[PDB]
């Protein structure tokens, strides 16, 4: 029996449930209750505060959790990062009032406000800089105008929040906010390592599969050799006859980021009825 922590609120909550459903796990009946038991797969899901999930995996009885990479950095927990999940990512920056030409060495001896004080203290220490790091609960950008800090450190999305408070980012970026699957650092026994590997393999099937689309298209046999070079697939394109003996249908996986270039090439050699559909799971 495995126990998995899922964010119960915020930007990571819906895509975390979506990726667990695509891996075949029982979805949450309604947002009211806070555990979901999966008797088929032998897993229990707990819906917890996002900033706490790393502590529950690192110090508690949870085998796995989904949370942001910056929250793992800030927590001090000793856990394994098994997979980057492909959502929630955003840079983490220092920032200070615009029009002042701020640089990293200006931070020495200043007051820096953040919701991630352990992350920031470790970053400054590696760069050999000492400063006063002030813990806040959230929404730190207003703290400069209000006189609590000289500068801030926060997740920056597209700069809306920095711009709306006349702040500009500077310095090297810190630990980012991409969603990750984390695992407790342990060994336990043999009959537990197997059950753990099964979950990682299933989540990995979604993480990998979601990078591709299936192309299906009708192709003249005369353009077949060209078509095969344009869509070589993960192993090799599938080729099946049509009723019309001068034609075939071809099936091949293609990366989502390549799809529009690929289709233009196929049209130019005679391909017709080019279909593209989402992949939600693929065990390579």
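Basically, rigid core = biggest C-alpha set you can superpose within 1.5 Å across the two forms. Positions refer to the first chain, counted from 1.
Trainee: May I ask which stretch, 116-124 or 94-102, sits farther from the shown form in 4 other deposited structures of this protein once every structure is superposed on the core, judging by RMS CA distance?
Mentor: Comparing 116-124 with 94-102, the larger C-alpha deviation in 4 other deposited structures of this protein belongs to 94-102.
Trainee: Relative to this form, superposed by the core, which stretch has the greater CA RMS in 4 other deposited structures of this protein: 146-154 or 207-215?
Mentor: The stretch that sits farther from the shown form in 4 other deposited structures of this protein is 207-215.
Trainee: Check this for me: in at least a third of the other entries compared, is residue 166 absent while its neighbours are modelled?
Mentor: No.
Trainee: One third of the other compared structures is the cut-off here: is residue 191 left unmodelled in that many or more?
Mentor: Comparison shows residue 191 dropped in at least a third of the other entries.
Trainee: On average, are the C-alpha B-factors higher in 160-168 or in 121-129?
Mentor: It is 160-168.
Trainee: Can you let me know which of the two, 91-99 or 205-213, has the higher average C-alpha B-factor in the entry?
Mentor: Mean CA B-factor is higher for 91-99.
Trainee: Checking the record values for 55, 240, 40, 254, which has the greatest CA B factor?
Mentor: Each of 55, 240, 40, 254 was compared by C-alpha B-factor; the highest is 40.
Trainee: From 104, 143, 114, 78, can you pick the one with the highest C-alpha B factor in the entry?
Mentor: The C-alpha B-factor peaks, among 104, 143, 114, 78, at 78.
Trainee: Just say lowest, middle or highest third for the CA B-factor of residue 86 relative to the other modelled residues in its chain.
Mentor: CA B-factor rank for residue 86: middle third.
Trainee: Select lowest, middle or highest to describe the third in which the CA B-factor of residue 137 falls within its chain in this entry.
Mentor: Middle third, going by the recorded CA B-factors of the chain.
Trainee: Lowest, middle or highest third: where is residue 16 by Cα B-factor in its chain?
Mentor: It falls in the bottom third of the chain.
Trainee: Relative to the other modelled residues of the same chain, rank the CA B-factor of residue 231 and answer lowest, middle or highest third.
Mentor: Its C-alpha B-factor, which the entry lists for residue 231, ranks in the middle third among residues of this chain.
Trainee: Divide the modelled residues of the chain into thirds by Cα B-factor and specify which third, lowest, middle or highest, holds residue 109.
Mentor: Its C-alpha B-factor belongs to the lowest third of this chain's values.
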